[PDB]
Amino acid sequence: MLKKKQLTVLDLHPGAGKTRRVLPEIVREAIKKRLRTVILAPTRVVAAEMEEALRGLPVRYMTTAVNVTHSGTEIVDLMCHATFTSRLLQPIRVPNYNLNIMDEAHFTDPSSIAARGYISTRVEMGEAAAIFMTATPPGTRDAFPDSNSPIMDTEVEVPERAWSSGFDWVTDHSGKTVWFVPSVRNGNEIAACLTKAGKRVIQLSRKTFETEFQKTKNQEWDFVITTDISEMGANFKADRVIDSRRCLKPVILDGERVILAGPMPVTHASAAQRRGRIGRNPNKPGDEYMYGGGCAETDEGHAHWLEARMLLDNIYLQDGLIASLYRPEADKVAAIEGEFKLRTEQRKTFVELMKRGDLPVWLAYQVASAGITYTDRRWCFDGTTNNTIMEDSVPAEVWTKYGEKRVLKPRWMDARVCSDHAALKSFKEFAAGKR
């Protein structure tokens, strides 16, 4: 696999041992052949699991999720998918790795799509080798792959709101359940209903993942309520998965605003990854998978692929050349390569609005391309009346950096800045000039 000019897709079924068995063998061979290597983890939790599988081997951990005293003799680096893309964008030299390994290469967040695009272009140019590790590569049509032990698959109606009757099977179970919901707010309602019935519930989402995941090992629990983030290598000691089969979809309207459409069906790749949380122990057959809807190709026209093109257009590759998206996922967006390329000063603002400002890629692009500097927050207050942000069914209010109380009304509206209580609190701090 390690030979230059080659991209290999390691597609063994979920639980086959790609991370703990195959990955250390690849690393040993790359070290023997003196190949400068990079290993890409989707989250900080998976990075910690990788250190346990690679313990003893000379690997340089470029993350604070691991506490190691590095010897300085390493030719293998390990970092998260988002860290790789961030360093490419910033004015810091990233080595031209001979071997590029991506674990959980099915991750559809914008920085993961960008990393696949950049790596596959280098391979196509005859410069590097690459290995994409996932049971569900882009374009998969099989929601029910093989597992370590048989799974009981049942199509059933799954509640998406609090309930009084009709779903006895949910609370009559005596094991442990991992329940996938379409959003943070939807999960809050189901958690409240279960807690009222005497159940012990843990909630997981992108912003709380590392902290709350530790609770699954440190305390007794009956249910885990989670968004699609737990599709990226999160492991649990459970015997049942409840899957709504629904997700939210960011959509750009008239190139003017971003809305969160849905809930709508998940892809076959997501359904297989959600199902893949159970049936992992070969000695424990009979884990249950309850699913409440069908699959569809909802990644076509999804804003993450447009945002990935915005990142790739602002990454240096060679003179005026721009990296393409990974071939099996390129038709998900209607975009001309190079149309989002910014000049030096606007690019610097774009990077800082994402890195320090914590704004979504699309929103960061509108501000930077309009010629506005990072600290200038006048655009958060001069939008039209129909862009007013609502807090508890009443217009949200902030004190500006000048000391004036103003209604939050952004020139560009992106629904992700107010999708939950935590997101709106962080966007209020940005509008006030607090970061």
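In this text, rigid core is short for the largest set of C-alphas that superpose within 1.5 Å between two forms. Throughout, we count residues from 1 along the sequence that is shown.
Relative to the presented form, and with the rigid core used for superposition, do the C-alpha atoms of 71-79 or of 243-251 deviate more in 8 other deposited structures of this protein?
Stretch with the larger root mean square C-alpha distance in 8 other deposited structures of this protein: 71-79.
Between 222-230 and 281-289, point out the one with the higher average CA B-factor as the PDB entry records it.
Higher of the two, by average CA B-factor, is 281-289.
Averaging only over Cα atoms, indicate whether 79-87 or 318-326 has the higher B-factor in the PDB entry.
Of 318-326 and 79-87, the stretch with the higher C-alpha B-factor average is 318-326.
Taking the Cα B-factors listed in the entry, which of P360, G126, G117, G276 comes out highest?
Most elevated C-alpha B-factor of the set, per the entry: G126.
For the listed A335, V241, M102, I113, which has the peak Cα B-factor recorded in the PDB entry?
Checking the PDB record, the top C-alpha B-factor among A335, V241, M102, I113 is at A335.
Considering only modelled residues of the same chain, in which third does the CA B-factor of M354 rank: lowest, middle or highest?
Tercile = lowest for this residue's CA B-factor.
Tell me, lowest, middle or highest third: where does the Cα B factor of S393 rank within its chain?
Its C-alpha B-factor belongs to the highest third of this chain's values.
Would the CA B-factor of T43 place it in the lowest, middle or highest third of its chain?
Middle third by C-alpha B-factor.
If you rank the chain by CA B-factor, which third does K401 end up in: lowest, middle or highest?
Answer is middle: the recorded C-alpha B-factor places it there.
Relative to the other modelled residues of the same chain, rank the CA B-factor of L312 and answer lowest, middle or highest third.
Bottom third by C-alpha B-factor.
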